[PDB]
Amino acid sequence: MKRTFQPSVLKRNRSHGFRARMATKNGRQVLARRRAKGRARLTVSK
Amino acid sequence: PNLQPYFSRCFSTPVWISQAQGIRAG
Amino acid sequence: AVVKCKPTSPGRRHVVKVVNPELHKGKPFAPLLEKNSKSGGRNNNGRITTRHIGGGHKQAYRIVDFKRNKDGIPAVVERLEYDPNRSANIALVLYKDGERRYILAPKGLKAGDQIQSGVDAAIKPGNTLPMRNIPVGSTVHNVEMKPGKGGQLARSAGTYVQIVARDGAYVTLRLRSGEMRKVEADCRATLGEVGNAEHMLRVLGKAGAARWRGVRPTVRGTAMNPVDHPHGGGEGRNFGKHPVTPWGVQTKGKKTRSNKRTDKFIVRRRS
Amino acid sequence: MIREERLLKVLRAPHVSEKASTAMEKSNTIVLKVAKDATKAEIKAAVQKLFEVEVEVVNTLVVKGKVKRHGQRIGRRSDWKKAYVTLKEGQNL
RNA sequence: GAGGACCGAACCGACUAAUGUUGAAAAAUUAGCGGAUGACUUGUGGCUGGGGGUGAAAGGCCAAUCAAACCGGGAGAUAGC
RNA sequence: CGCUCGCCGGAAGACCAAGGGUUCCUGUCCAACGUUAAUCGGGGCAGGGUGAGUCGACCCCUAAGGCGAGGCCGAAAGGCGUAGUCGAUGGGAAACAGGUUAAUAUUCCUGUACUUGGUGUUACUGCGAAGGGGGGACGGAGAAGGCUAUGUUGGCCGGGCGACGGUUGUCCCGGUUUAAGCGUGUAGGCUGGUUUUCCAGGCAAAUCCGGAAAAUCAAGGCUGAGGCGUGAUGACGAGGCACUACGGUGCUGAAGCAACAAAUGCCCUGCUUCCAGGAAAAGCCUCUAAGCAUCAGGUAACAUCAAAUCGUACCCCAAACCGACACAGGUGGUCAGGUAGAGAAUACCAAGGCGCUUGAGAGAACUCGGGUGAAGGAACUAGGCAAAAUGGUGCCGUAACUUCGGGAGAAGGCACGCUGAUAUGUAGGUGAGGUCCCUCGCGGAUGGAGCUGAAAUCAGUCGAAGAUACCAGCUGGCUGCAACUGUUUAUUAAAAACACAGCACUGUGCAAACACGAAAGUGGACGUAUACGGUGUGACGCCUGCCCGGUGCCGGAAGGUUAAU
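Chains as they are written, first to last, in our numbering: chain A, 5 to 50; chain B, 840 to 865; chain C, 89 to 359; chain D, 8 to 100.
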């Protein structure tokens, strides 16, 4: 029926985007943990 | 193309959460 | 007057409307308006801090002059207007120098009446004077508690206070709840009583009539679970507990005033 | 008015398509692959200075890079900008 | 010409029955069914964050997860079984 | 590819937004992928394809809300918030029609426009803001009138003359299109107009707004569909004709009118009416202050240039989106033809799109999904579950009870087709030329051809049946509960539960009680006791008994006990 994932890029980039992650202390720790892991894509952005 | 570049494991388990009728007491 | 509706429906049967043909049939005075967006009972943390608020009709805030600082300038009431933000009606007045203001509507007030604020006015409904010049026993409304601040007492639809005694720099007022409260005599007050005194006679009739005022439904604490309200659950309709708030503080009689800063101005609490 | 060494870097390659040659024969329009940051004024300044002809209107578009699968991986070609330079009446190149 | 008016499509729901039950579908189809100018319905943004929210109140819902979500950690908890 | 056949047509068609990201088009391959085969494909491979001053984004403006210099708070992290700055789902600026590609078009090309901004002259020149005032600028419902899209028929034009009886008529088939823009300014709607004087207003100061009188005219201004002219002797155009692989491209191209019926679209953000009393800011117009001097700007016409940059293919009720799938599901907006019909229901069709990616047989049980039944009619069964039945419109008729509204479509009847007359088409609707007058032009009055057209009654007729299909109420009686509409356990419970209007008690004097928050603060509320919060009860009607020992709450504080100190 109506499933849980209804995509919108604007709601994506405002929730999980790079500037949303770089706004707070706990999102810069997310981005620190994803550079320390070696992740290809850092955020949802591109 | 007789090269065989196959695929992999490509999602996890949906539900084993299944039917439950049958008792002997309540 | 009040008028019972003919029961052509359920939800129309018990309705009693309070119609006033003296009210303006048109859009209100535009310079004195303001955007008034709803809250939901939600504070700046975004949490519900007052339950049963939300929805309702869009409202525009009318800027009402409670201070009445145009002293000595005669005004004339252009029209009485409905106000969705309060219980009273409001009166678009127009001072002699061409300024339109909104005041609360007194009881004997119609379009074409005169009002005048200032200490050298006459004693008639709509006139605002500081209470050194208002005689004792006069019914007054829109009473300031601090001199020059704005009216706070006696502002709902059919309300008034009585200046029941006066000596020194303090009058004492019998408020509408029955409280005898001292107020320093330099405070202003409008004569008369507030005008929409038939407001307590209307019946909403139906559940959605409360819903288009912004009153969401009240869930009864006994109909909840023990996790939600101290009025618990129970196999059936059980109570067995002293009645409390949702936060466990006892209702049905426990007094909650604790203000030692202002109790020197209360000379008798309500009965 | 654009600096001369900037104009020498915008016109990458003349584009051959059989749509591009229809435009050259029927509407006097040369179709050029240009640099990615080329503006319609920089193309107009470069076709006039370097091809020694006259230009009415440059129309541009940006062609998206196709995703191709060379071998076993997933590559992506580069986006490129494509001009539609409409010369007025005299055609040299 | 009013109405949480009436009948009835879109729409929103989900009363009954049959099918389906390794399904076409991790809740649907088919035939009927209730509301359908309203306490309606819907789009697009927003806001409330886990002993917390939100709840016309069912322990409901909070990403197919809810009498305390998920992820990572304490952590190789402990386990007279 | 062709000829049939079936299916959808308020969608299974056409088109946007989202989302996807090349799935688009062409040539190639057929391993795997495709629930079969495949020469085919949304598969592989290689090319090609997306063209903007006007569409969208960007941009200017703000809403919710975010962030937030200083600031206030807070072990720290940080929370809050002022200025301010972001944020559309809203407000601000301008293009249409034909033609075109294998694939792009309001973008290319022809034709005709239009917008904004930068830049070169005239007279009379006061221009000038983080300011002032307008305006922008706003609800629900309802009712028309004026239209139009569109349709329908007639006329015109082109063609036909019938594979089986008839068919040179009052026959048949097809077409009868044309926009922005510019011009005029009427059906409507709104509004008294104009000068002159004065002032405690709009923090200033204002020749604007507001106010106050006063002279003179209500004959003035805004607004606004649609017409009609122009755009346009142009384009398009049925069809013939060299073209020529007859696909197709190519040259031609006749008519291109009128009447009637028409929206859910426009006038209309109007009008009327209601109470629940219905964004904001800019663009815009206008007023000036500091400022400023035949400077700088403004204003008009004319001339020049500039309008960047991104998006633009394709899918969108889907095999490209969300559902692990080429998944019977979900998915915002727009367009919406004919014949019946009240209708976007439904039936059959058009434009258009498809036949759902395994078939061929056979015609056992049994199982799904339907059809029909003698006689009986609920005997079935937990239970009329399921099925059958009822079903439309008009008219007659309709009970107890009732809160006087209802109950009520109660119940129950009857009339329905087709043809003819009444009347070669009526009642109405529309309305021509004609007549006549003026403020003589988009008029007014009469006029009443043409066109359209129910409904009814008589008579006749046909069938077993005339709401013939689809479509489309089973009804009544007595009771429990809940006043009611509503809400609820997404995914076994829709209820008697919840909510409710009402009712009562209680708190609450405003820096309100409460709530969120170590706090600041913020909700309550820009409210103020006719208000708010909490609790219980649950429309209405009649009512609300007795108990203050227990337990709370409230009030009292003489005594007894009692902390830190």
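In this text, a Cβ means the ideal position worked out from N, Cα and C, and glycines have one as well.
Closest residue to residue i among the options (Cα-Cα distance)
i, options, result
"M233(C)", "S226(C), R189(C), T350(C), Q204(C)", "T350(C)"
"residue 886(B)", "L68(D), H22(D), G78(D)", "Residue 886(B) lies beyond the residue range present for chain B, which begins at 840 and ends at 865; the question has no answer from this structure."
"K237(C)", "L263(C), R276(C), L192(C)", "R276(C)"
"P318(C)", "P305(C), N215(C), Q338(C), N108(C)", "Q338(C)"
"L14(A)", "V34(A), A27(A), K6(A), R23(A)", "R23(A)"
"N66(D)", "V54(D), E59(D), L15(D)", "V54(D)"
"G196(C)", "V181(C), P213(C), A209(C)", "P213(C)"
"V104(C)", "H112(C), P95(C), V165(C), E110(C)", "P95(C)"
"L261(C)", "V231(C), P334(C), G200(C), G280(C)", "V231(C)"
"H229(C)", "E281(C), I191(C), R304(C)", "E281(C)"
"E323(C)", "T333(C), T306(C), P334(C), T310(C)", "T310(C)"
"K198(C)", "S346(C), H112(C), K92(C)", "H112(C)"
"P21(D)", "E11(D), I50(D), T46(D), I9(D)", "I50(D)"
"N221(C)", "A257(C), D201(C), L192(C), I136(C)", "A257(C)"
"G336(C)", "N326(C), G320(C), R325(C)", "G320(C)"
"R13(D)", "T46(D), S34(D), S24(D)", "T46(D)"
Per DSSP, the bridge partner or partners of residue i
i, result
"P21(D)", "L39(D)"
"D159(C)", "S205(C)"
"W87(D)", "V70(D)"
"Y149(C)", "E122(C)"
"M268(C)", "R262(C), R356(C)"
"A859(B)", "DSSP output for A859(B) lists no bridge partner at all."
"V854(B)", "Its beta-bridge partners do not exist; DSSP assigns none."
"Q843(B)", "In DSSP, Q843(B) forms no bridge with anything."
"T93(D)", "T36(D), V64(D)"
"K92(C)", "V104(C)"
"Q338(C)", "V332(C)"
"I178(C)", "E169(C), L192(C)"
"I136(C)", "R130(C)"
Where the alpha helix (DSSP H) containing residue i begins and where it ends
i, result
"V54(D)", "47-57"
"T29(D)", "27-33"
"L14(A)", "13-19"
"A298(C)", "295-299"
"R13(D)", "11-14"
"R25(A)", "22-25"
Where the beta strand (DSSP E) containing residue i begins and where it ends
i, result
"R167(C)", "163-169"
"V34(A)", "From DSSP, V34(A) is part of no beta strand (DSSP E) but of the alpha helix (DSSP H) over 29-41."
"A277(C)", "276-279"
"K115(C)", "No beta strand (DSSP E) holds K115(C); DSSP gives it neither H nor E."
Quick check on the DSSP output: what are the complete beta strand (DSSP E) runs of length 3 or more inside the segment 181-260 of chain C, in order along the chain? 188-192, 216-218, 227-229, 239-241, 249-254
Are the segment 28-45 of chain D and the segment 85-96 of chain D touching, with three or more C-beta to C-beta distances below 8 Å? yes
Would you say the segment 337-353 of chain C touches the segment 24-38 of chain D, given that touching needs at least three Cβ pairs under 8 Å? no
Per the contact definition of three or more C-beta pairs closer than 8 Å, is the segment 261-280 of chain C in contact with the segment 201-214 of chain C? yes
Quick check: the segment 149-158 of chain C against the segment 119-135 of chain C, are at least 3 beta-carbon pairs closer than 8 Å? yes
Could you say if the segment 158-165 of chain C and the segment 181-191 of chain C meet the contact criterion of at least three C-beta pairs nearer than 8 Å? yes
contact_flag[the segment 250-267 of chain C, the segment 167-177 of chain C] where n(CB pairs < 8 Å) is 3 or more: As far as the Cβ criterion goes, the segment 250-267 of chain C does not touch the segment 167-177 of chain C, which means the pair count is below three.
For the structure I just gave you, are there three or more beta carbon pairs, one from the segment 133-148 of chain C and one from the segment 293-308 of chain C, closer than 8 Å? yes
If you pair each beta-carbon of the segment 843-858 of chain B with each one of the segment 28-41 of chain A, do three or more pairs fall below 8 Å? By the Cβ rule, the segment 843-858 of chain B does not count as touching the segment 28-41 of chain A, because fewer than three pairs are nearer than 8 Å.
Under 8 Å, with one C-beta from each stretch per pair, do the segment 278-295 of chain C and the segment 242-250 of chain C reach the 3-pair mark? They touch, by the three-pair rule.
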